[PDB]
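Notes to accompany the following structure.
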Amino acid sequence: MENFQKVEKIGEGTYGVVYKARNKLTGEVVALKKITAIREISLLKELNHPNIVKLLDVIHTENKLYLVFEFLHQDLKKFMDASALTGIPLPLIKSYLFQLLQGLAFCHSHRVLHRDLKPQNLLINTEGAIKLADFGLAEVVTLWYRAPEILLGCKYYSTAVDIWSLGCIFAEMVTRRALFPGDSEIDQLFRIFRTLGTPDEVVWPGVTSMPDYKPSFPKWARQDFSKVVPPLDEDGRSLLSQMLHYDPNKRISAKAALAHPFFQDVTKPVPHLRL
Ligand SMILES: CC(C)c1cnc(NC(=O)Cc2cccnc2)s1
């Protein structure tokens, strides 16, 4: 747009393309994303929290829509890829998890869901902050962080879907491998079932009456969490287990998760970021 000078292409998305850009007015360095949306997006402009990437402005113009965001220098996917020989130190993982849970507790209190949390939409800065990006906005779309209720075809899913996605990210930080790297919808589902056990009416009341549930799904037994995320300690395994409960109603809320004993000794480390 007239008021912005493109600096470089950050990336490419489900909807549109993302540029690092400078405001010739404010001097401001921002990220520009080019794609009843107007009213929904306007509502996102007021959803302000230290752990949500600030939506600065919305520009509708020429049947194109531009979202102007706060710019951050790195995403968690890149930071995980760069930290993979060493692993992200546990106090930083814990700090990131806690902050994201704060962000989620906020948005969820306002009945706003992210719906597509993934390392790529978690942005970090040199100060040790992490932020939820592309919030309430909802190449091959990644399935790896999708909650089972979405995969089984629930139309009216809840905030719990974000807790699921964040649990998957927690596990990946800890182990340095994706928890459930599905490359199709059924592969994603069956990867979950192979680890967590095929769900049934005992652990998830109503599951067998979900739109895409099939009685023909193979019945796999649950694995122990000790095997899933070693060497994460008993507090973290406990918390992760609660974020990965099948029944969205049993699944821990962000607000309750913040009170979990895992965070008794949370601190805010500085990451080593090479930009
Ligand atoms: C669209 C909006 C949510 C964003 C705001 N800040 C962003 N930063 C990066 O994607 C990280 C990055 C990648 C490549 C080059 N520079 C920064 S994305």
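Labeling convention for the structure tokens: chains A, B, ... as they appear, residues from 1 per chain, ligands from 1 in order of appearance.
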If we count only C-alpha atoms and set the cut-off at 7 Å, which residues sit around region 144-154 of chain A, ignoring sequence neighbours fewer than 4 positions away in its own chain? Please answer as number ranges by chain.
A: 117-118, 161, 164-165, 168, 180-182, 185, 188-189, 210-213
List the neighbours of residue 197 (chain A) out to 10 Å using only C-alpha atoms; skip same-chain residues closer than 2 positions along the sequence, and give me the result as an MDAnalysis selection string.
chainID A and resid 190:195 199:200 203 218:223 246
Would you work out the distance separating CA of residue 245 (chain A) from CA of residue 201 (chain A), expressed in Å to one decimal?
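That distance, rounded to one decimal, is 13.2 Å.
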7 Å shell around ligand 1 using only C-alpha atoms and all ligand atoms, listed as a ChimeraX atom specification
/A:10-11,18,20,30-33,53,69-75,121,123,133-134
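The coordinates place CA of residue 198 (chain A) at 20.0 Å from CA of residue 252 (chain A).
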